[PDB]
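Asker: Here you go, one structure.
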Amino acid sequence: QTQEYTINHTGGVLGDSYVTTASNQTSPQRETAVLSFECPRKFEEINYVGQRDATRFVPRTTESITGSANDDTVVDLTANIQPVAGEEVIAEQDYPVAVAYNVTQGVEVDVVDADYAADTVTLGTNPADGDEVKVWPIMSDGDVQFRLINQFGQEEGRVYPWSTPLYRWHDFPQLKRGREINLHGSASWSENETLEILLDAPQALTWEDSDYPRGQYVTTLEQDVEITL
Amino acid sequence: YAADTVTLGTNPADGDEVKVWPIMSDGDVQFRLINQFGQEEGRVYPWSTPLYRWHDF
Amino acid sequence: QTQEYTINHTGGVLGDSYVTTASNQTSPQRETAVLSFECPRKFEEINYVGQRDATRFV
Amino acid sequence: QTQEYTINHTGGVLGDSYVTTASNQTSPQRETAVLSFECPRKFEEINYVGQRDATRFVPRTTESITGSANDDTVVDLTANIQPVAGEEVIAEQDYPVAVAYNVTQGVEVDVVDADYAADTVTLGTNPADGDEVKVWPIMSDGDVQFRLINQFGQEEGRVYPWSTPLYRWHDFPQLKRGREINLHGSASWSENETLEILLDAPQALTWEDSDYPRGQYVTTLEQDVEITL
Amino acid sequence: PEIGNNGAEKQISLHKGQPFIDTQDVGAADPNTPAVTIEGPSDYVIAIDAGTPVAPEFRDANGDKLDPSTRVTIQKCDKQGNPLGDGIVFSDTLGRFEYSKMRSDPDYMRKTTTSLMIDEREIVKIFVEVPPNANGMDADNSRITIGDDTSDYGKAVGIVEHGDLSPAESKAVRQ
Amino acid sequence: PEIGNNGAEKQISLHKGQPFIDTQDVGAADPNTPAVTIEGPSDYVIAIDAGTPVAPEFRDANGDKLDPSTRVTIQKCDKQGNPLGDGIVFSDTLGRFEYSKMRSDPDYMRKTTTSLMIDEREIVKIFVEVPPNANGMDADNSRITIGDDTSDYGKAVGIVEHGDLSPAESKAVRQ
Amino acid sequence: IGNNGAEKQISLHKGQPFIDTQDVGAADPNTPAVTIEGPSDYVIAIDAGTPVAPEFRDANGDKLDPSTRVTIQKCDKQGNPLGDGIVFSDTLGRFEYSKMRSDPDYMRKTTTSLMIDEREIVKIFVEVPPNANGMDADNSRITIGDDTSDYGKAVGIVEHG
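As structure tokens, this is what we get:
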């Protein structure tokens, strides 16, 4: 009867219809709904348990600059920054804190290091004047949470009262049992009822850019759940 | 009162600035409680009542 | 002990501080919070009952 | 075994090492530590009792002016002012509310009177233009208190919760039994443990100036204690 | 180290620089406002005896004393800034203190009239009546003090933590 | 929808971005102040067990770690910023954490020494002792964390609403 | 507050009253680099599995010759050493000062138990080979016991009274 699956921000067991993504909002700090999963017709019910079900959620943002004659090799940012689980070094991390891509030169761009104290990052390359650039740094200073919807956009409850910060979420090394993250709360729902994963943070996150090298979908969520067939 | 229309009794002049504060419609109102933190615990009544009806009675 | 008062979008028994107003939003249809009342320091508690307490909102 | 001694802001039974003085801070109003006494090696323990042990603490401040051609004969101040236990008259006080000294003319300077309402004081002499001056008026608008330290800069408790104002401290005529001051609290400590006497007030007090006529050390503390040999 | 377990009924005094007190400036012919507001902190109980000293030392903005025909009135209140006639104490004139020796001298030391108590959430106000065509009060230089710690003369304000004693609630209801 | 009636003793953790916590910068040779202040919210009760993890991760303004001879001391206080000797926990040095793996690793995970409790209105302070001729603390980059949610290792901070349980007052008096 | 037990747990270091240090040159075994004394009416206890951690340095801010030797040693009153009761006769090398206190693996413990009556002494002798740089007390540090940690131990203290 019961199984233990993973569910992702796209498709998976659902089929890309009863998922929906969305960005947050910047100027009004508000508890937006960045993702939501609706239980399809075919399942009987879905469960969700804390301290039983593992999780992963790698968000990012997007920013841009303008090429100049001066040898920049460094860019400021609008988002608080830190390393992935802490380290000054690049390529030792579980994943890159930041990625950069040049529109003109359709190539990746490495990263040397950064201050990780102020909103700063180094670039290893020397961008030319007029060249367009994009960057997908780490995100910080946010809160994440869950809530349930009974088919109508009509809340009935909340999985767990207190929000967990995405900041801390990046801080812990993920994907290690014993050190794996496990939120609290014990939810369950049935056909056409929705779980919404909600965000409260200033910086504008992303889901799709169509010019990001390390995979198509920039960010990701991967959550464990229990299903009754 | 069928389409989004209203009459004025006066004859405004050209260039004159005007303001109007008509009735509102097509909305929902509801309640919720907050425990000092911006942190909801519950909801007074699940189903919203429409302000439309609110004006009607 | 108990009384039956009215409370308004300004001042009243509260004092214009622990009220706050706000407008809605237009382009994203969202359940905004147009008004809110915070129980002040001095009271003990507030109650609210349906089919007991009247109302007006223009 | 037990005795009843006095202890002072310098030397005394201790030996000038296990005392330490310090000034306060002005811009951040903070509970500084102006004095502290560490129980030496040789004693067994020290006690301290309220309504048993008398006390005295005469603080002051320092300010300066600039000579001018105009016949000043009066100076404003940055500190609230009142007479010593109240009186309009000078030389009747238990001690002078204020002292002044001219750098050029290395002489004392008398005082006539003052308003004692605003930050004001009169000078009896007629300072010349360009002459440098110093003044050590009374201090006001402060709080004093006690706390104990267990050899480490690590507090364990507080003698008495509520601070007493130095303002009132000046107001009462000192050194009169029945009218003598006697704080509350019953403290006791042992070898190398410290009692800190703390100050919370804006104006910058002093301990040493090297050009003050009425003694070397400007301010003073004189507290009664009980000692076990 | 050793400290004595001092009794819960601690002997204290009130002044400007505290959290549960506040003040604000006053003009002229202006009774209704508290120049100074006091409030009971949480889970504490304050007690002011009848022979408690009192000491307002108000000032003018220019640093002067005001018209001694001015009046001061301490007054207990129910919650919500709601005054009450009974329980009022210290209806005095602003003159006839001699601020120089006021607290200093037990003679000049003006005491209250009757007892008083402050339950955990209650208010005590200090209204002031200045005659017109006079100068206003300045909060920077004004001050209140009540109670006499640190002197064999005078009394002191009692305080106790409400959570310690069991009949603290009984005394609170007793008022 | 269905949600489980989770127990009142909720498992939580503390960090900078909360309402009942605060911080402020620190200079050098500067013990007396709390670099970080914590306070009990209203009608809640916090509980910190003896095997609770601890994790200060202070920084310098330029984005560096400070002199490891620096000392950190968590300390309970009575009301009014009044510290107390008993009940102190976590008198540690600022060095010897390895912030990279500190929370991450149960080895590096430095726990407290003894139990602790916070009644509804109480204070816990975090004093810091920096040697002179050193750089100061910068609140923008500093941080505290205590408790270990979200891991089979470590413990978590207990919380409970005071109004739910009847012996909540009994445990509060028990301290 | 919960009444803490008299057997309190502490850790030792330089900035304390009942400890002292003094500079050392070269080939100077008799001179104690560091001295410890029992305070009045207290009793200190150091178990056998107690961590140890010296961090001696050179005046220029460098580590010394790891062939250097360190010896903790109990002493009778009057600065008088004893053969029995000695612990931690170790070398100055083989610590990895970077990971010394943090890693329990690189953490070094003592050999046997120890006790300090109210007026007693513990010294830390150092043997440096000649033609080497001397010790500088400004930069040196000592720590024994690991308070606030799961591994290691803590130095027990109790009031005699």
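Residue numbers (the working numbering), protein chains in the order written: chain A, 8 to 236; chain B, 658 to 714; chain C, 111 to 168; chain D, 8 to 236; chain E, 20 to 194; chain F, 20 to 194; chain G, 3 to 163. Where a beta carbon is used, it is the ideal one built from N, C-alpha and C, also for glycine.
Less than 8 Å between the CB atoms is what I'm expecting for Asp207 (chain D) and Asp150 (chain D), so what's the real figure, rounded?
Answerer: Numbered from 1 along the fourth sequence, position 200 holds the residue referred to as residue 207 (chain D). Numbered from 1 along the fourth sequence, position 143 holds the residue referred to as residue 150 (chain D). About 4 Å; that satisfies the 8 Å criterion.
Asker: Could you give the uninterrupted runs of the beta strand (DSSP E) lying entirely in the region 86-163 of chain E, keeping only those of 3 residues or more?
Answerer: Runs of the beta strand (DSSP E) inside the region 86-163 of chain E: 90-97, 108-112, 135-137, 142-148.
Asker: When you compare the region 142-161 of chain G with the region 46-55 of chain G, are there three or more beta-carbon pairs, one atom per stretch, that lie closer than 8 Å?
Answerer: At 8 Å Cβ cutoff, the stretches touch.
Asker: Looking only at its own chain, which residues have a Cβ that is under 6 Å from the Cβ of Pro41 (chain G), when we skip the five neighbours before and after it?
Answerer: Taking the first residue of the seventh sequence as position 1, residue 41 (chain G) is located at position 39. Excluding positions up to five away in sequence, the list reads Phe20.
Asker: For a cutoff of 8 Å on Cβ pairs, would you count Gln89 (chain D) as touching chain G?
Answerer: Locating residue 89 (chain D) in the fourth sequence gives position 82, counting from the first residue. Cβ-Cβ to chain G under 8 Å: no for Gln89 (chain D).
Asker: Can you tell which of A:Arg37, A:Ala61, A:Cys46 has the C-alpha that lies nearest to the C-alpha of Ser24 (chain A)?
Answerer: Taking the first sequence and counting its residues from 1, the one referred to as residue 24 (chain A) is at position 17. Nearest option by C-alpha distance: A:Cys46.
Asker: Of the choices D:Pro180, D:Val104, D:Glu11, whose alpha-carbon is the least far from that of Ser123 (chain E)?
Answerer: By 1-based counting over the fifth sequence, the position of residue 123 (chain E) is 104. With distances taken between Cα atoms, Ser123 (chain E) lies closest to D:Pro180.
Asker: For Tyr167 (chain A) versus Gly192 (chain A), is the C-beta spacing smaller than 8 Å?
Answerer: Looking up residue 167 (chain A) in the first sequence gives position 160. Looking up residue 192 (chain A) in the first sequence gives position 185. A contact, by the Cβ cut-off of 8 Å.
Asker: In this structure, how does DSSP classify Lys29 (chain E) when only helix, strand and coil are distinguished?
Answerer: For the purposes of this step, residue 29 (chain E) is identified with residue 10 of the fifth sequence, where counting begins at 1. Strand at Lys29 (chain E).
Asker: Check each candidate in G:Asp152, G:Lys79, G:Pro68 and name the one with the smallest Cα separation from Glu122 (chain G).
Answerer: Stepping through the seventh sequence from its first residue, residue 122 (chain G) is reached at position 120. Comparing Cα positions, the closest option is G:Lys79.
Asker: Alpha carbon to alpha carbon, how far is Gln696 (chain B) from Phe167 (chain C)? Give it in angstroms, no decimals.
Answerer: On the third sequence, position 57 is the one that residue 167 (chain C) refers to. On the second sequence, position 39 is the one that residue 696 (chain B) refers to. About 26 Å.
Asker: Compute the distance between the beta-carbons of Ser43 (chain D) and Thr226 (chain D), then report whether it is under 8 Å.
Answerer: Sequence index remark: in the fourth sequence, residue 43 (chain D) carries index 36 (1-based). Sequence index remark: in the fourth sequence, residue 226 (chain D) carries index 219 (1-based). Contact: no.
Asker: On a CA-only basis, which of A:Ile14, A:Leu155, A:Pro209 is nearest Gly699 (chain B)? Give me that one, please.
Answerer: As a position in the second sequence, residue 699 (chain B) is number 42, starting the count at 1. Nearest option by C-alpha distance: A:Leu155.
Asker: Could you check the C-alpha separation between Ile234 (chain A) and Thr9 (chain A) for me, to the nearest Å?
Answerer: Numbered from its first residue, the first sequence carries residue 234 (chain A) at position 227. Numbered from its first residue, the first sequence carries residue 9 (chain A) at position 2. Roughly 6 Å between the two C-alpha positions.
Asker: Should the region 121-139 of chain F be regarded as contacting the region 26-35 of chain G, the criterion being three or more beta carbon pairs within less than 8 Å?
Answerer: The answer is no - the region 26-35 of chain G does not touch the region 121-139 of chain F, with fewer than three Cβ pairs under 8 Å.
Asker: Residue range of the beta strand (DSSP E) that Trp196 (chain A) falls in?
Answerer: By one-based count along the first sequence, residue 196 (chain A) stands at place 189. 193-196 is the span of the beta strand (DSSP E), which, as asked, contains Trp196 (chain A).
Asker: To which residues of the same chain is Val56 (chain D) closer than 6 Å at the C-beta, ignoring the five residues directly before and after it?
Answerer: Translated into positions along the fourth sequence, residue 56 (chain D) becomes position 49. Closer than 6 Å at the Cβ level, and outside the excluded window around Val56 (chain D), lie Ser193.
Asker: Using the C-alpha atoms, what's the distance from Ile137 (chain E) back to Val160 (chain G)?
Answerer: For the purposes of this step, residue 160 (chain G) is taken as residue 158 along the seventh sequence, with counting starting at 1. For the purposes of this step, residue 137 (chain E) is taken as residue 118 along the fifth sequence, with counting starting at 1. When rounded, the distance between both Cα atoms is 44 Å.
Asker: Along the chain, where does the alpha helix (DSSP H) that runs through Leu124 (chain C) open and close?
Answerer: As a working note, residue 124 (chain C) is residue 14 in the third sequence. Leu124 (chain C) -> no alpha helix (DSSP H), and no H or E assigned at all.
Asker: Does the pairing of the region 210-219 of chain A with the region 125-135 of chain A give three or more beta-carbon distances under 8 Å?
Answerer: Output reads no: the region 125-135 of chain A does not touch the region 210-219 of chain A.
Asker: Short of 7 Å Cβ to Cβ, which residues in the region 144-159 of chain F face chain A?
Answerer: Cβ contacts with chain A: none found.
Asker: Is any heavy atom in the ligand COA found nearer than 7 Å to the beta carbon of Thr69 (chain D)?
Answerer: Looking for the ligand COA in the displayed structure turns up nothing, as the structure carries no ligands at all.
Asker: Alpha carbon to alpha carbon, how far is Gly177 (chain F) from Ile31 (chain F)?
Answerer: Taking the first residue of the sixth sequence as position 1, residue 177 (chain F) is located at position 158. Taking the first residue of the sixth sequence as position 1, residue 31 (chain F) is located at position 12. Rounded to the nearest angstrom, the two C-alpha atoms are 6 Å apart.
Asker: Residues of the region 3-20 of chain G in Cβ contact with chain D at a cutoff of 9 Å, in chain order, please.
Answerer: Listed in sequence order: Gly17, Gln18, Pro19, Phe20.
Asker: Residues of the region 108-119 of chain F in Cβ contact with chain G at a cutoff of 9 Å, in chain order, please.
Answerer: Going along the region 108-119 of chain F in chain order, one finds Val108, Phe109, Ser110, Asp111, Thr112, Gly114, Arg115, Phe116, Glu117 with a Cβ nearer than 9 Å to chain G.
Asker: Hey, is the region 103-123 of chain D in contact with the region 13-24 of chain D, meaning 3+ C-beta pairs nearer than 8 Å?
Answerer: Contact fails: fewer than three Cβ-Cβ distances are below 8 Å.
Asker: Helix, strand or coil: which one does DSSP assign to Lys190 (chain E)?
Answerer: Locating residue 190 (chain E) in the fifth sequence gives position 171, where the first residue counts as 1. Of the three classes helix, strand and coil, the one that applies to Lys190 (chain E) here is helix, per DSSP.
Asker: So what's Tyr158 (chain C) in DSSP terms, helix, strand or just coil?
Answerer: As a first step, residue 158 (chain C) is located in the third sequence; it is residue number 48 there, counting from the start. Reduced to three states, the DSSP call for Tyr158 (chain C) is coil.
Asker: Pull up the distance between the alpha-carbon of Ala158 (chain E) and that of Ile145 (chain E), whole angstroms please.
Answerer: To locate residue 158 (chain E), count along the fifth sequence from 1; it is residue 139. To locate residue 145 (chain E), count along the fifth sequence from 1; it is residue 126. Answer to the nearest angstrom: the Cα atoms are 13 Å apart.
Asker: Would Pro66 (chain D) and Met146 (chain D) be called neighbours here (beta carbons separated by less than 8 Å)?
Answerer: Locating residue 66 (chain D) in the fourth sequence gives position 59, where the first residue counts as 1. Locating residue 146 (chain D) in the fourth sequence gives position 139, where the first residue counts as 1. Cβ distance < 8 Å, so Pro66 (chain D) and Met146 (chain D) count as in contact.
Asker: Excluding the 5 residues preceding and the 5 following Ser110 (chain F) in the sequence, name in chain order all residues of the same chain whose CB lies nearer than 7 Å to its CB.
Answerer: On the sixth sequence, residue 110 (chain F) is found 91 positions in, with the first residue counted as 1. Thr92.
Asker: I'd like to check one pair, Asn154 (chain F) with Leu85 (chain F): are the Cβ atoms closer than 8 Å?
Answerer: Sequence index remark: in the sixth sequence, residue 85 (chain F) carries index 66 (1-based). Sequence index remark: in the sixth sequence, residue 154 (chain F) carries index 135 (1-based). Cβ distance < 8 Å, so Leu85 (chain F) and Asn154 (chain F) count as in contact.
Asker: Could you tell me the distance, in whole angstroms, from the CA atom of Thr131 (chain C) to the CA atom of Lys152 (chain C)?
Answerer: To locate residue 131 (chain C), count along the third sequence from 1; it is residue 21. To locate residue 152 (chain C), count along the third sequence from 1; it is residue 42. Going from the Cα of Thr131 (chain C) to the Cα of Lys152 (chain C) covers about 22 Å.
Asker: How long is the line joining the alpha carbons of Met109 (chain G) and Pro68 (chain G), rounded to whole angstroms?
Answerer: Numbered from its first residue, the seventh sequence carries residue 109 (chain G) at position 107. Numbered from its first residue, the seventh sequence carries residue 68 (chain G) at position 66. Roughly 17 Å between the two C-alpha positions.
Asker: Can you name, in chain order, every residue of its own chain whose Cβ lies under 6 Å from the Cβ of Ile97 (chain A), other than the five neighbours on each side?
Answerer: The count along the first sequence starts at 1 and reaches residue 97 (chain A) at position 90. Excluding sequence neighbours, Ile97 (chain A) sits near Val118.
Asker: What residue does the alpha helix (DSSP H) around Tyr219 (chain D) start on, and which one ends it?
Answerer: As a position in the fourth sequence, residue 219 (chain D) is number 212, starting the count at 1. Note, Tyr219 (chain D): premise wrong, no alpha helix (DSSP H); not H, not E.
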